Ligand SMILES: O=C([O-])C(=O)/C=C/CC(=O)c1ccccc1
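Shown below, as structure tokens, is a lone chain in the form deposited without the named molecule; questions about how it binds or moves come after it.
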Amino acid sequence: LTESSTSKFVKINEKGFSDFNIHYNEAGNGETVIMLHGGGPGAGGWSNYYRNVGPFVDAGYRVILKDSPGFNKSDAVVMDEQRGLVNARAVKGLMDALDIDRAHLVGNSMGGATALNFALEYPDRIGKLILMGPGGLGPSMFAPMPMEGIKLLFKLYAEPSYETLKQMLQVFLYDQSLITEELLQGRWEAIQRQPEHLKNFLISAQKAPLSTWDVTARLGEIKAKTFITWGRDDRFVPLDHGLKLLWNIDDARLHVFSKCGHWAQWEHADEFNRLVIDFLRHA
């Protein structure tokens, strides 16, 4: 499987979306599993889950790596509401235009916020819920905020540069040796590729700061089976939020990887894949 071989597009229509073009990568048959990427500059479906797409399709699943509105190859956009909620509406739209009643969700950071919102708004359209360091869960009980990674994230959005990108990555990953010239230059080009997304993201932040993302109060509503994962060494989202989800979502479980940053499905792809696939198959 490759980026282009799975590259596809589709227009959607929802509350705040009218003939909006959404990009994504598809492969495999069976139950549908929609993986949602984070909110960092240059983020995208394939770039974030290219190490999970293969194993999951083999496991007999229909994998869809979706590009959220205002990211990668999906159309640009400015949001007046918390991205979590808006992103979820975009998800429903993609499954409607594509005719998909049920879908398993896998979401990291912004993707996790999106997944949480989707489960709250459309509980009848979601299968199992998988969260990897989801964002927008309010204050941490131990970590000063904004967290290290968040400060670098906004810094990168407001003042894009190779240097700042690297600094963000060094804080993004636990094992510094994983930061290669290929990875650096790779995402570097992605950011410069579509600057409009960077500015639009910042404008949206103005309209809806992270505080409008906190859906903690509605966690008791989610009834979908949930699997929470966290990198023990995540400098972007607080580890204690993993406990928050574990205690407030009726049926959930928590798995924490050691020597792991904010990119668990990538830094510990093998264990992540085995765990989630096992979770989807037997849970």
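In this text, residue numbers run from 1 along the sequence as written.
One more form of this protein, solved in complex with the named molecule, exists but is not displayed; see below.
Looking at the named molecule in the deposited complex, residues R89, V215 and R218 place no heavy atom within 4.5 Å of it.
Checked against the named molecule in the deposited complex, the candidates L178, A97, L202, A143 yield a single residue with a heavy atom inside 4.5 Å, and that residue is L178. Shown without its partner, this chain lists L198, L169, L85, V77 as candidates; in the deposited complex, only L169 has a non-hydrogen atom within 4.5 angstroms of the named molecule. Heavy atoms within 4.5 Å of the named molecule in the deposited complex are found in exactly one of 243-251, 40-48, 24-32, 219-227, that being 40-48. The named molecule is not drawn, but in the deposited complex it has no heavy atom within 4.5 Å of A208. Mapping the unseen interface onto this chain, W266 counts among the residues with a heavy atom inside 4.5 Å of the named molecule in the deposited complex. In the deposited complex, the named molecule lies within 4.5 Å of some heavy atom of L173. In the deposited complex, the named molecule sits within 4.5 Å of a heavy atom of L183. Along 4-34, no residue reaches a heavy atom to within 4.5 Å of the named molecule in the deposited complex.
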